[PDB]
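This report concerns only the one structure given below.
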Amino acid sequence: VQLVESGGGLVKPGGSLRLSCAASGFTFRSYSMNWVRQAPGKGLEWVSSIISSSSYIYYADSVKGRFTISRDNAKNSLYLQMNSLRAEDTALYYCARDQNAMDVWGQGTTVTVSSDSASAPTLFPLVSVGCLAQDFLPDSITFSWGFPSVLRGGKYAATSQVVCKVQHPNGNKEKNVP
Amino acid sequence: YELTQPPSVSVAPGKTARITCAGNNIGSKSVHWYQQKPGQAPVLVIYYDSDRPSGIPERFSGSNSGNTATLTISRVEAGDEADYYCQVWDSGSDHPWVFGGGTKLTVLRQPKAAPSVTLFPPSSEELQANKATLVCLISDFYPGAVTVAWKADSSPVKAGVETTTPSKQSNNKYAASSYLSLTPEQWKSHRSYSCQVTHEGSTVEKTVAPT
């Protein structure tokens with residue numbers, strides 16, 4: 001039993017974006033499915049829901065006339081088409097099942113609504129050993145071979161500490177460290 | 001319909017934490033509670049007022065009566081540190097779900113730990129990129145509240161300082177980093193740059209210099 005979200009990334013205001021949620025481990029058609037989001041540093045907010053068998057659709061008042069939920073039982077997938085995106089829509093979107101109480105959640109996928117352009121990280125090795133990635137957007141960086149990212153001039157930077165490889169949607173970077 | 005929660009609850013380990021969810025005649029509704037540890041997906045820890053889903057320890061319990069629903073956590077551990085959200089479901093409305101504003105549970109009085117500070121000078125590959133970035137890495141400290149003072153020579157510096165907010169690691173200790181952005185000339189000009197992290201009223205001294 002699992003839920004895996006995807007399709008999230010960086011988008012400009014007024015743009016459109018489709019979110020996908022993949023269900024596995026249970027009979028997808030027997031459960032109601034939901035979309036719940038969470039703005040950075042804020043609380044959970046229900047967005048939309050689709051019911052089982054009958055497929056009645058519901059939305060929050062802040063997303064109606066713009067967001068569209070749907071499902072594909074043959075592919076065990078839940079969708080969320082998002083149109084006319086604004087700054088207020090920037091959040092981490094969770095896929096969650098069942099009505100009344102949401103028993104299963106996915107780890108979610110991040111949606112960033114911004115006028116700023118996307119860019120891959122720039123790696124610099126550090127010596128006193130460290131690794132310094134700068135000038136990437138959105139903040140979706142992972143470090144392989146842990147510190148939180150900081151915001152400088154509209155772009156993010158992150159440092160790792162222990163051959164330094166990173167994972168970023170715009171580009172994977174590798175760098176050598178003595 | 002409005003569900004109100006206190007924004008913060010803080011208790012020591014082994015003690016009882018009570019998270020409340022205020023609502024008009026909420027005792028007549030079913031109340032569910034979600035636990036969300038930092039970075040993780042939310043977890044249903046209590047459902048239908050007082051029942052525990054499979055896998056949840058018995059020290060989690062809930063109740064619901066009148067205009068107040070309560071989540072009680074007995075024998076609190078450091079691992080219980082999370083944001084807790086209450087939620088109800090209203091069938092015949094166009095907005096079935098209603099979530100509470102959330103309550104941050106902080107676990108006090110864990111073993112105190114001085115910060116492990118590391119200060120990296122600007123990389124020689126970065127100076128050839130016409131940039132100069134100092135990196136002050138702060139690790140393994142508790143409680144998770146520090147203040148960072150960047151000093152040039154022996155004088156405060158406020159411009160070009162970008163300090164992050166501490167985030168909790170897997171070992172229930174905190175890590176933070178501070179960046180001081182300088183021009184390559186601001187760097188070679190001064191005889192020293194210092195990162196004096198203060199934790200619980202105790203500075204950890206570390207100076208860097210271009211020479």
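Chain labels run A, B, ... following the order of the structure tokens; each chain numbers its residues from 1, and ligands are numbered from 1 in the order shown.
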Spatial neighbours of residue A:162, 12 Å, only C-alpha atoms, chain gap at least 5 places, as a VMD selection string:
(chain A and resid 125 to 131 143 to 147 177 to 178) or (chain B and resid 118 137)
Store the residues picked out above in a file with N, CA, C and O atoms, as a PDB file, in the first residue's frame.
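Contents of part-v1.pdb, freshly written:
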```pdb
ATOM      1  N   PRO A 125      34.151  22.710  -4.143  1.00  0.00           N
ATOM      2  CA  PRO A 125      34.636  21.906  -3.017  1.00  0.00           C
ATOM      3  C   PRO A 125      35.176  22.779  -1.890  1.00  0.00           C
ATOM      4  O   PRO A 125      35.718  23.852  -2.158  1.00  0.00           O
ATOM      5  N   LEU A 126      35.025  22.320  -0.650  1.00  0.00           N
ATOM      6  CA  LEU A 126      35.469  23.078   0.515  1.00  0.00           C
ATOM      7  C   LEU A 126      36.545  22.323   1.290  1.00  0.00           C
ATOM      8  O   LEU A 126      36.497  21.098   1.407  1.00  0.00           O
ATOM      9  N   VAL A 127      37.512  23.072   1.814  1.00  0.00           N
ATOM     10  CA  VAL A 127      38.585  22.508   2.625  1.00  0.00           C
ATOM     11  C   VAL A 127      38.825  23.370   3.860  1.00  0.00           C
ATOM     12  O   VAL A 127      38.754  24.598   3.794  1.00  0.00           O
ATOM     13  N   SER A 128      39.108  22.716   4.983  1.00  0.00           N
ATOM     14  CA  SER A 128      39.340  23.410   6.245  1.00  0.00           C
ATOM     15  C   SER A 128      40.832  23.532   6.531  1.00  0.00           C
ATOM     16  O   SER A 128      41.354  24.635   6.696  1.00  0.00           O
ATOM     17  N   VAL A 129      36.512  18.799   5.312  1.00  0.00           N
ATOM     18  CA  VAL A 129      36.043  18.568   3.951  1.00  0.00           C
ATOM     19  C   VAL A 129      34.581  18.972   3.806  1.00  0.00           C
ATOM     20  O   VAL A 129      33.761  18.680   4.674  1.00  0.00           O
ATOM     21  N   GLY A 130      34.262  19.642   2.703  1.00  0.00           N
ATOM     22  CA  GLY A 130      32.905  20.085   2.443  1.00  0.00           C
ATOM     23  C   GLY A 130      32.588  20.185   0.962  1.00  0.00           C
ATOM     24  O   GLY A 130      33.462  20.012   0.112  1.00  0.00           O
ATOM     25  N   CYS A 131      31.325  20.471   0.661  1.00  0.00           N
ATOM     26  CA  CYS A 131      30.850  20.590  -0.713  1.00  0.00           C
ATOM     27  C   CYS A 131      29.773  21.669  -0.763  1.00  0.00           C
ATOM     28  O   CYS A 131      28.819  21.626   0.009  1.00  0.00           O
ATOM     29  N   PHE A 143      22.040  15.458  -1.536  1.00  0.00           N
ATOM     30  CA  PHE A 143      23.488  15.278  -1.559  1.00  0.00           C
ATOM     31  C   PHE A 143      23.886  13.817  -1.374  1.00  0.00           C
ATOM     32  O   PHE A 143      23.418  13.146  -0.454  1.00  0.00           O
ATOM     33  N   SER A 144      24.755  13.340  -2.262  1.00  0.00           N
ATOM     34  CA  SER A 144      25.293  11.988  -2.184  1.00  0.00           C
ATOM     35  C   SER A 144      26.814  12.039  -2.266  1.00  0.00           C
ATOM     36  O   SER A 144      27.385  13.042  -2.697  1.00  0.00           O
ATOM     37  N   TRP A 145      27.465  10.958  -1.848  1.00  0.00           N
ATOM     38  CA  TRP A 145      28.922  10.882  -1.856  1.00  0.00           C
ATOM     39  C   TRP A 145      29.382   9.493  -2.284  1.00  0.00           C
ATOM     40  O   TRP A 145      28.564   8.614  -2.555  1.00  0.00           O
ATOM     41  N   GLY A 146      24.510  16.815   6.109  1.00  0.00           N
ATOM     42  CA  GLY A 146      23.270  17.338   5.566  1.00  0.00           C
ATOM     43  C   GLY A 146      22.846  18.617   6.256  1.00  0.00           C
ATOM     44  O   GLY A 146      22.587  18.624   7.460  1.00  0.00           O
ATOM     45  N   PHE A 147      22.776  19.700   5.487  1.00  0.00           N
ATOM     46  CA  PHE A 147      22.378  21.001   6.014  1.00  0.00           C
ATOM     47  C   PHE A 147      21.264  21.605   5.164  1.00  0.00           C
ATOM     48  O   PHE A 147      21.206  21.371   3.957  1.00  0.00           O
ATOM     49  N   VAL A 177      36.579  16.248  -4.470  1.00  0.00           N
ATOM     50  CA  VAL A 177      37.042  16.889  -3.243  1.00  0.00           C
ATOM     51  C   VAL A 177      38.272  16.148  -2.712  1.00  0.00           C
ATOM     52  O   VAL A 177      38.236  14.926  -2.564  1.00  0.00           O
ATOM     53  N   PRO A 178      39.368  16.879  -2.433  1.00  0.00           N
ATOM     54  CA  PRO A 178      40.552  16.222  -1.862  1.00  0.00           C
ATOM     55  C   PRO A 178      40.256  15.541  -0.528  1.00  0.00           C
ATOM     56  O   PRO A 178      41.046  14.698  -0.101  1.00  0.00           O
TER      57      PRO A 178
ATOM     58  N   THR B 118      32.114  24.373  12.188  1.00  0.00           N
ATOM     59  CA  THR B 118      33.125  24.259  11.145  1.00  0.00           C
ATOM     60  C   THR B 118      33.051  25.486  10.245  1.00  0.00           C
ATOM     61  O   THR B 118      31.971  25.881   9.808  1.00  0.00           O
ATOM     62  N   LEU B 137      29.382  26.052   9.364  1.00  0.00           N
ATOM     63  CA  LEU B 137      28.527  24.895   9.609  1.00  0.00           C
ATOM     64  C   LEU B 137      28.430  24.606  11.101  1.00  0.00           C
ATOM     65  O   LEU B 137      29.445  24.454  11.776  1.00  0.00           O
TER      66      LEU B 137
END
```
Which residues come within 9 Å of residue B:209, counting only C-alpha atoms, excluding same-chain residues fewer than 3 positions away, as number ranges by chain?
B: 121, 187-188, 190-194
Just the selected residues (N, CA, C and O atoms), exported as a tab-separated table (two decimals), in the first residue's frame, please.
```
chain	number	residue	atom	x	y	z
B	121	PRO	N	36.86	28.52	4.55
B	121	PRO	CA	37.17	29.72	3.77
B	121	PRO	C	36.63	29.62	2.36
B	121	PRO	O	36.15	28.56	1.97
B	187	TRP	N	37.40	40.29	1.14
B	187	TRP	CA	37.99	39.11	1.78
B	187	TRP	C	39.48	39.31	2.09
B	187	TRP	O	39.92	39.09	3.21
B	188	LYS	N	40.24	39.71	1.07
B	188	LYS	CA	41.68	39.89	1.23
B	188	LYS	C	42.02	41.17	2.00
B	188	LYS	O	43.15	41.33	2.47
B	190	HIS	N	40.68	42.35	4.91
B	190	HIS	CA	40.67	42.23	6.36
B	190	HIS	C	41.62	41.15	6.87
B	190	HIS	O	41.91	40.18	6.17
B	191	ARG	N	42.09	41.33	8.10
B	191	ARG	CA	43.07	40.43	8.70
B	191	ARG	C	42.40	39.17	9.24
B	191	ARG	O	43.08	38.19	9.54
B	192	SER	N	41.08	39.21	9.38
B	192	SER	CA	40.35	38.07	9.92
B	192	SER	C	38.84	38.19	9.72
B	192	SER	O	38.30	39.28	9.54
B	193	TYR	N	38.17	37.04	9.76
B	193	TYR	CA	36.72	36.97	9.80
B	193	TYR	C	36.33	35.90	10.81
B	193	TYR	O	36.90	34.81	10.81
B	194	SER	N	35.37	36.21	11.68
B	194	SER	CA	35.01	35.31	12.77
B	194	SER	C	33.55	34.88	12.71
B	194	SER	O	32.68	35.64	12.28
```
Can you work out which residues from chain A touch chain B at a cut-off of 9 Å (counting only C-alpha atoms) and hand them back as an mmCIF file with N, CA and C atoms, in the first residue's frame?
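Saved as iface-v1.cif:
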```cif
data_model
loop_
_atom_site.group_PDB
_atom_site.id
_atom_site.type_symbol
_atom_site.label_atom_id
_atom_site.label_comp_id
_atom_site.auth_asym_id
_atom_site.auth_seq_id
_atom_site.Cartn_x
_atom_site.Cartn_y
_atom_site.Cartn_z
ATOM 1 N N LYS A 42 3.529 26.553 7.072
ATOM 2 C CA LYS A 42 2.128 26.743 7.439
ATOM 3 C C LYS A 42 1.411 25.404 7.577
ATOM 4 N N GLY A 43 0.112 25.462 7.852
ATOM 5 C CA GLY A 43 -0.668 24.273 8.153
ATOM 6 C C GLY A 43 -1.211 23.556 6.933
ATOM 7 N N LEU A 44 -1.807 22.389 7.163
ATOM 8 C CA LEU A 44 -2.386 21.596 6.086
ATOM 9 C C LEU A 44 -3.648 22.260 5.541
ATOM 10 N N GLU A 45 -3.830 22.176 4.226
ATOM 11 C CA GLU A 45 -5.016 22.713 3.568
ATOM 12 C C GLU A 45 -5.560 21.721 2.550
ATOM 13 N N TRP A 46 -6.801 21.295 2.757
ATOM 14 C CA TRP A 46 -7.477 20.428 1.803
ATOM 15 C C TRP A 46 -7.759 21.193 0.516
ATOM 16 N N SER A 48 -8.871 19.297 -2.920
ATOM 17 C CA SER A 48 -9.928 18.656 -3.699
ATOM 18 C C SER A 48 -10.070 17.176 -3.351
ATOM 19 N N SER A 49 -11.219 16.602 -3.697
ATOM 20 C CA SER A 49 -11.491 15.190 -3.441
ATOM 21 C C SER A 49 -12.380 14.591 -4.526
ATOM 22 N N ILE A 57 -17.209 15.207 -7.170
ATOM 23 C CA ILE A 57 -16.027 16.055 -7.048
ATOM 24 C C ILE A 57 -16.282 17.254 -6.136
ATOM 25 N N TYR A 58 -15.283 17.582 -5.319
ATOM 26 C CA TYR A 58 -15.361 18.712 -4.397
ATOM 27 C C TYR A 58 -14.062 19.513 -4.437
ATOM 28 N N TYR A 59 -14.162 20.812 -4.169
ATOM 29 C CA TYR A 59 -12.998 21.693 -4.168
ATOM 30 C C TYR A 59 -13.053 22.691 -3.019
ATOM 31 N N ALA A 60 -11.894 23.239 -2.671
ATOM 32 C CA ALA A 60 -11.830 24.345 -1.730
ATOM 33 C C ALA A 60 -12.179 25.626 -2.478
ATOM 34 N N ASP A 61 -12.609 26.649 -1.748
ATOM 35 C CA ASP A 61 -13.067 27.887 -2.373
ATOM 36 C C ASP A 61 -11.927 28.694 -2.990
ATOM 37 N N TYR A 94 0.068 16.848 -1.196
ATOM 38 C CA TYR A 94 -0.026 15.465 -0.746
ATOM 39 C C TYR A 94 -1.172 14.728 -1.428
ATOM 40 N N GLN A 99 -12.075 8.540 2.715
ATOM 41 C CA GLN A 99 -12.850 9.679 3.196
ATOM 42 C C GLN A 99 -12.971 9.610 4.717
ATOM 43 N N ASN A 100 -13.640 10.597 5.307
ATOM 44 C CA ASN A 100 -13.750 10.716 6.763
ATOM 45 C C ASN A 100 -12.385 10.890 7.422
ATOM 46 N N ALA A 101 -11.529 9.880 7.287
ATOM 47 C CA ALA A 101 -10.172 9.933 7.827
ATOM 48 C C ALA A 101 -9.161 9.481 6.776
ATOM 49 N N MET A 102 -8.110 10.275 6.593
ATOM 50 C CA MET A 102 -7.072 9.966 5.615
ATOM 51 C C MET A 102 -6.027 9.052 6.246
ATOM 52 N N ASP A 103 -6.103 7.762 5.935
ATOM 53 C CA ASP A 103 -5.249 6.768 6.584
ATOM 54 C C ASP A 103 -3.872 6.626 5.933
ATOM 55 N N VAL A 104 -3.792 6.883 4.629
ATOM 56 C CA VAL A 104 -2.537 6.742 3.890
ATOM 57 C C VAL A 104 -2.181 8.033 3.158
ATOM 58 N N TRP A 105 -0.922 8.446 3.285
ATOM 59 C CA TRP A 105 -0.418 9.652 2.636
ATOM 60 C C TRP A 105 0.823 9.323 1.813
ATOM 61 N N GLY A 106 1.056 10.106 0.764
ATOM 62 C CA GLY A 106 2.306 10.053 0.030
ATOM 63 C C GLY A 106 3.252 11.085 0.615
ATOM 64 N N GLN A 107 4.523 11.038 0.230
ATOM 65 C CA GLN A 107 5.492 12.019 0.711
ATOM 66 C C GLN A 107 5.340 13.351 -0.021
ATOM 67 N N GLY A 108 4.467 13.376 -1.023
ATOM 68 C CA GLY A 108 4.104 14.612 -1.692
ATOM 69 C C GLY A 108 5.099 15.071 -2.741
ATOM 70 N N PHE A 124 31.179 23.817 -5.568
ATOM 71 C CA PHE A 124 32.523 24.231 -5.185
ATOM 72 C C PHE A 124 32.993 23.378 -4.007
ATOM 73 N N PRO A 125 34.151 22.710 -4.143
ATOM 74 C CA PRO A 125 34.636 21.906 -3.017
ATOM 75 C C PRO A 125 35.176 22.779 -1.890
ATOM 76 N N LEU A 126 35.025 22.320 -0.650
ATOM 77 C CA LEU A 126 35.469 23.078 0.515
ATOM 78 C C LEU A 126 36.545 22.323 1.290
ATOM 79 N N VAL A 127 37.512 23.072 1.814
ATOM 80 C CA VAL A 127 38.585 22.508 2.625
ATOM 81 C C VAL A 127 38.825 23.370 3.860
ATOM 82 N N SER A 128 39.108 22.716 4.983
ATOM 83 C CA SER A 128 39.340 23.410 6.245
ATOM 84 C C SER A 128 40.832 23.532 6.531
ATOM 85 N N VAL A 129 36.512 18.799 5.312
ATOM 86 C CA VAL A 129 36.043 18.568 3.951
ATOM 87 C C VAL A 129 34.581 18.972 3.806
ATOM 88 N N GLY A 130 34.262 19.642 2.703
ATOM 89 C CA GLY A 130 32.905 20.085 2.443
ATOM 90 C C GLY A 130 32.588 20.185 0.962
ATOM 91 N N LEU A 132 29.931 22.629 -1.673
ATOM 92 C CA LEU A 132 29.070 23.810 -1.712
ATOM 93 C C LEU A 132 28.365 23.980 -3.054
ATOM 94 N N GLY A 146 24.510 16.815 6.109
ATOM 95 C CA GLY A 146 23.270 17.338 5.566
ATOM 96 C C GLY A 146 22.846 18.617 6.256
ATOM 97 N N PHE A 147 22.776 19.700 5.487
ATOM 98 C CA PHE A 147 22.378 21.001 6.014
ATOM 99 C C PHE A 147 21.264 21.605 5.164
ATOM 100 N N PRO A 148 20.373 22.390 5.793
ATOM 101 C CA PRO A 148 19.260 23.009 5.065
ATOM 102 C C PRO A 148 19.723 24.137 4.147
ATOM 103 N N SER A 149 18.952 24.407 3.098
ATOM 104 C CA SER A 149 19.331 25.408 2.109
ATOM 105 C C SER A 149 19.017 26.823 2.589
ATOM 106 N N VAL A 150 19.810 27.785 2.123
ATOM 107 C CA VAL A 150 19.604 29.197 2.435
ATOM 108 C C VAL A 150 19.241 29.946 1.155
ATOM 109 N N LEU A 151 18.484 31.032 1.291
ATOM 110 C CA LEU A 151 18.027 31.807 0.139
ATOM 111 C C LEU A 151 18.836 33.093 -0.013
ATOM 112 N N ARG A 152 19.531 33.218 -1.142
ATOM 113 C CA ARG A 152 20.342 34.399 -1.429
ATOM 114 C C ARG A 152 20.068 34.931 -2.833
ATOM 115 N N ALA A 158 23.314 25.298 -0.766
ATOM 116 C CA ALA A 158 23.314 24.213 0.211
ATOM 117 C C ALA A 158 24.706 23.606 0.350
ATOM 118 N N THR A 159 25.048 23.200 1.570
ATOM 119 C CA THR A 159 26.354 22.618 1.860
ATOM 120 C C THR A 159 26.221 21.219 2.459
ATOM 121 N N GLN A 161 28.687 17.858 4.154
ATOM 122 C CA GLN A 161 29.939 17.653 4.869
ATOM 123 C C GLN A 161 30.157 16.186 5.220
#
```
Excluding same-chain residues fewer than 5 positions from residue A:135, what lies within 8 Å of it counting only C-alpha atoms, as a list in words?
residues 119, 120, 121, 122, 155, 156 and 157 of chain A
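Nearest residue to residue B:156 among B:182, B:205, B:173, B:196 is B:196, counting only C-alpha atoms.
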Report as a PyMOL selection string all protein, DNA and RNA residues lying within 6 Å of stretch 80-82 of chain B, evaluated on only C-alpha atoms, omitting residues in the same chain fewer than 2 positions from it.
chain B and resi 36-37+77-78+104-106
